[PDB]
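A short worksheet on the structure shown next.
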Amino acid sequence: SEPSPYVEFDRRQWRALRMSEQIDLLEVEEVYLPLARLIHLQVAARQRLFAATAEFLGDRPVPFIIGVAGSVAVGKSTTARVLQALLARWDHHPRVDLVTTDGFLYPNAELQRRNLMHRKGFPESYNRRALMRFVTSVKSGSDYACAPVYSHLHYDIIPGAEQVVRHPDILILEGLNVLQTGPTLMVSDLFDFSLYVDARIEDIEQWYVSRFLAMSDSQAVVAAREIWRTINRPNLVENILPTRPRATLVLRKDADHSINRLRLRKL
Amino acid sequence: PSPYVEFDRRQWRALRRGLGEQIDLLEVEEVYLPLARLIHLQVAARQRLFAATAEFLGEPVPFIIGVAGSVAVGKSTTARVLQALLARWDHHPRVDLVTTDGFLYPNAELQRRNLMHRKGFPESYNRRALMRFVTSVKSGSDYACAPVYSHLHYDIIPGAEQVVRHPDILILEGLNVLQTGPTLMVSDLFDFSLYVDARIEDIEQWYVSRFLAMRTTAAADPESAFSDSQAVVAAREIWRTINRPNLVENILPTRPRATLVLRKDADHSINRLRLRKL
Numbered sequence: 005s006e007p008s009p010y011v012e013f014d015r016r017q018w019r020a021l022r023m024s042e043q044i045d046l047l048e049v050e051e052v053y054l055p056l057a058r059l060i061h062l063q064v065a066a067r068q069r070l071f072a073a074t075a076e077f078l079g086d087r088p089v090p091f092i093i094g095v096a097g098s099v100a101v102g103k104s105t106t107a108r109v110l111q112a113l114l115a116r117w118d119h120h121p122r123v124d125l126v127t128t129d130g131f132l133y134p135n136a137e138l139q140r141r142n143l144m145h146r147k148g149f150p151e152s153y154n155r156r157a158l159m160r161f162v163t164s165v166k167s168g169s170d171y172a173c174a175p176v177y178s179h180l181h182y183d184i185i186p187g188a189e190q191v192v193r194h195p196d197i198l199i200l201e202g203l204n205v206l207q208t209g210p211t212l213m214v215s216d217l218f219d220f221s222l223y224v225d226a227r228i229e230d231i232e233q234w235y236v237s238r239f240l241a242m261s262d263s264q265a266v267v268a269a270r271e272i273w274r275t276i277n278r279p280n281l282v283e284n285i286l287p288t289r290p291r292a293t294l295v296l297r298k299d300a301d302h303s304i305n306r307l308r309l310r311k312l
Numbered sequence: 007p008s009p010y011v012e013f014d015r016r017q018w019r020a021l022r038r039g040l041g042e043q044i045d046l047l048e049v050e051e052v053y054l055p056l057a058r059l060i061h062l063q064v065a066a067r068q069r070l071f072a073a074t075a076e077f078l079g080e088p089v090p091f092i093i094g095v096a097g098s099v100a101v102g103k104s105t106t107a108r109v110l111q112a113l114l115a116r117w118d119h120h121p122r123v124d125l126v127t128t129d130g131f132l133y134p135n136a137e138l139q140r141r142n143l144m145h146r147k148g149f150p151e152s153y154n155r156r157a158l159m160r161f162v163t164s165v166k167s168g169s170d171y172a173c174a175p176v177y178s179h180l181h182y183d184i185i186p187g188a189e190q191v192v193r194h195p196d197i198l199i200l201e202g203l204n205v206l207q208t209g210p211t212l213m214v215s216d217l218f219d220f221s222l223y224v225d226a227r228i229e230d231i232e233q234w235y236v237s238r239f240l241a242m243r244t245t246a247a248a249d250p251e252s259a260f261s262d263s264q265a266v267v268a269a270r271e272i273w274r275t276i277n278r279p280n281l282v283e284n285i286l287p288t289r290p291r292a293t294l295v296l297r298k299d300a301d302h303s304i305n306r307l308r309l310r311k312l
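Chains as they are written, first to last, in the UniProt record's numbering: chain A, 5 to 24, 42 to 79, 86 to 242, 261 to 312; chain B, 7 to 22, 38 to 80, 88 to 252, 259 to 312.
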């Protein structure tokens, strides 16, 4: 017995911790609904702590910040979108808001000027100060805070489109680069709970190609497959994957989107 | 909005034996003694949280305090003092203090890897050995052994073992300690960071003084050290080549991720305090 920081489960192990496109409905009650209860217990505990720096220094409570990481096409979006639903259902602490980090990308026009279209989605591609000032604002307890939005349809940022956040008990932060760390203070440092949505690399390709092409209608997969090899396959290896260990919870998804394994950080 | 909250000594001061070169006794009651109270109130709160993953999984944990900064800035004594005050709580005694220096490779090793000029860098340490050790501590392992370093001998003391016996609180003093990488790291296991900061051109003076007063005042003491004038040349050059780098590239960048910062003035006094509330 030589100690690991994590605690790994399979679906059946984890499922037995219950209190009593198309989102698979089963996986909610088996994998997510339990996962939600975990976070509920930490939300109130993490409240006490922040309330203990306050009592030291001598006004609702502080936002709980949930990051959600993984490669593109793995299913961060829905994964997060779902937890927004279940967490809100607590009453004890409703008003979960969800913000995509994509809205913080530079507009393509900008990227063109800095020559970063081929490194689109990389950590260079974002507006980290704008991103943080925003996140910093939220958790401060700012009456409101505005965040931009992204168009996967139009392929860029929707100009003058504003997502408003109004002092939420809980915030969720879905993004490619999000669990990232650097010389500047970063948004990663502000999280109270991380999620990494993981899968196999050669496997994810198939999902992305499917994400594309379901959103020339033949052999344009060539194009799609090559944006993977050039942009999205890198960025996973160098920038995203290395953040996996620092996640609070990991969710390995099988070939057919099913979730078998769960490594959880207890320490 | 900024994530931090900055104080001066007077501001912070209004929130209220041993030895070591010479620990200023005033700064205890004004800067440290308050700082200790802060940590006490987080220790019990952070207990509650870890006790909430437990209650979830269906059945206390060591509090881990990191202490960062450049060499010669005064991590050692800074930490050494907090060990004293924190222990005085009863609610949670048995603070143990471990230096990260003991985890350096032995020189002999470094020689083989050609890393003597990069000594103190993150390459210089045994990160796995360091972590299995830290991971072992916080697991709640009945005991755990950690090696030790010789600033006198200039290397690791062979077969010298510092034992840690399930402490309520542990302190982790080291150059590289608030570091982050692709491997899971000891930084990720901290519950509270300290950065001891000062000016760069300034610290040089202190280091040169750290050297030349150790290799002197107790070094020419048992003699069993090769100039007491203009060997500062040598000392000043180990700064420019080894210790000044490593601060810039490896240590300084970790400053923002610290829970508390302690800017020390030219003459060791502590004027400013940036604290992470968020």
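Note that the Cβ used here is the ideal one computed from N, Cα and C, for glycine as well.
Under 8 Å by beta carbon: chain A residues contacting residue i
i: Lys147/B; result: Per Cβ cutoff of 8 Å: no residues; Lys147/B is ~23 Å from chain A at best.
i: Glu76/B; result: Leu62
Test: residue i CB closer than 8 Å to a CB of chain B
i: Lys311/A; result: yes
i: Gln63/A; result: yes
i: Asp124/A; result: no
i: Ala73/A; result: yes
i: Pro121/A; result: no
Span of the beta strand (DSSP E) around residue i
i: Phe91/A; result: 91–97
i: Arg306/B; result: 304–310
i: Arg297/B; result: 294–298
i: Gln17/A; result: Careful: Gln17/A lies outside any beta strand (DSSP E), inside the alpha helix (DSSP H) at 15–19.
i: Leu198/B; result: 197–201
i: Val192/A; result: 183–192
7 Å Cβ cut-off: residues of chain B touching residue i
i: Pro210/A; result: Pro287
The alpha helix (DSSP H) enclosing residue i, as first and last residue numbers
i: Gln264/B; result: Taken as a continuous stretch (DSSP letters only), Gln264/B belongs to no alpha helix (DSSP H), as it is neither H nor E.
i: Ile60/A; result: 54–78
i: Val101/B; result: No alpha helix (DSSP H) holds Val101/B; DSSP gives it neither H nor E.
i: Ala174/B; result: Per DSSP, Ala174/B belongs to no alpha helix (DSSP H); it is in the beta strand (DSSP E), 172–178.
i: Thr163/B; result: 155–167
Alpha carbon of residue i to alpha carbon of residue j, nearest angstrom
i: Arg193/A; j: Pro210/B; result: 35 Å
i: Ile199/B; j: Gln207/B; result: 16 Å
i: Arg289/A; j: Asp216/A; result: 15 Å
i: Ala72/A; j: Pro90/A; result: 12 Å
i: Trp273/B; j: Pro279/B; result: 8 Å
i: residue 2/A; j: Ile60/B; result: A question about residue 2/A goes unanswered here, because the residues of chain A that appear run from 5 up to 312.
i: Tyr10/A; j: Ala248/B; result: 50 Å
i: residue 83/A; j: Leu294/A; result: Coordinates for residue 83/A are simply not present: the residues of chain A run from 79 and resume at 86.
i: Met159/B; j: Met213/B; result: 7 Å
i: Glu189/B; j: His181/B; result: 16 Å
i: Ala226/A; j: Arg297/A; result: 5 Å
i: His120/B; j: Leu21/B; result: 22 Å
i: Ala107/B; j: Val95/B; result: 7 Å
i: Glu76/B; j: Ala292/A; result: 21 Å
i: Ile231/A; j: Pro186/A; result: 31 Å
i: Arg310/A; j: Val266/B; result: 48 Å
i: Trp234/A; j: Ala100/A; result: 6 Å
i: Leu110/A; j: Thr74/A; result: 29 Å
i: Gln63/A; j: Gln68/B; result: 12 Å
Residue i at chain A interface by Cβ criterion, 8 Å
i: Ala100/B; result: no
i: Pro279/B; result: no
i: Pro88/B; result: no
i: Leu206/B; result: no
i: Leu21/B; result: yes
Any non-hydrogen atom of the ligand NAP closer than 7 Å to residue i Cβ
i: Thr208/B; result: The ligand NAP is absent from the structure shown, which contains no ligands of any kind.
Interface partners of residue i on chain A, CB under 7 Å
i: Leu70/B; result: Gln63, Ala66, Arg67, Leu70
i: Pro290/B; result: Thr211, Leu212
Contact set between residue i and chain B, taken where Cβ atoms lie within less than 9 Å
i: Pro195/A; result: The contacting residues do not exist; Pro195/A stays about 15 Å from chain B at best.
Where residue i meets chain A, residues with beta-carbon distance less than 9 Å
i: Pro9/B; result: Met159, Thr163, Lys166, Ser167, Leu212, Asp216, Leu217
i: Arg58/B; result: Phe77
Query raised in the report: Can you list the beta strand (DSSP E) stretches of 3 or more residues lying completely in the segment 208–250 of chain B, in chain order?
Result: You should have 220–225.
**Report entry** alpha helix (DSSP H) runs contained entirely in the segment 115–152 of chain A, provided each spans 4 or more residues
**Finding:** Counting only runs of 4 or more, we get 135–141.
Query raised in the report: What residues in the segment 142–176 of chain B bring their beta carbon closer than 8 Å to a beta carbon of chain D?
Result: Annotation note: the requested chain D is absent from the structure, which comprises protein chains A and B.
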